[PDB]
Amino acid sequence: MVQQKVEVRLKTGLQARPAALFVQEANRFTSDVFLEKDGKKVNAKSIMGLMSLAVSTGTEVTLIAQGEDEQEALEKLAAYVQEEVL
């Protein structure tokens, strides 16, 4: 048995569970909802789409919403992404 402490340089992204819950919430709005970082934009209403964006916990990203209920969509999803409750 051999072991080695290594630095992960591979790309990371939202895990499946967190992404699924994100999508479940986003789907309740008619607005298009996207997550964006460094010129890359993914659809927040799709699990695989959300997971394709390279992100790390603690990373800053841009949440975008466009539609009739964009304000509420933004408020609810921003709270979710930042794990805020009450």
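Don't overthink the numbering: it's just position in the shown sequence, from 1.
Taking the PDB entry as given, 76 to 84 carries the higher mean Cα B factor of the two stretches 76 to 84 and 2 to 10. For the segment pair 24 to 32 and 47 to 55, the entry gives 24 to 32 the higher mean B-factor, averaged over Cα atoms.
Annotation for residue 70: CA B-factor lies in the lowest third of the chain's modelled residues.
The entry lists a Cα temperature factor for residue 16 that places it in the highest third of the chain's modelled residues.
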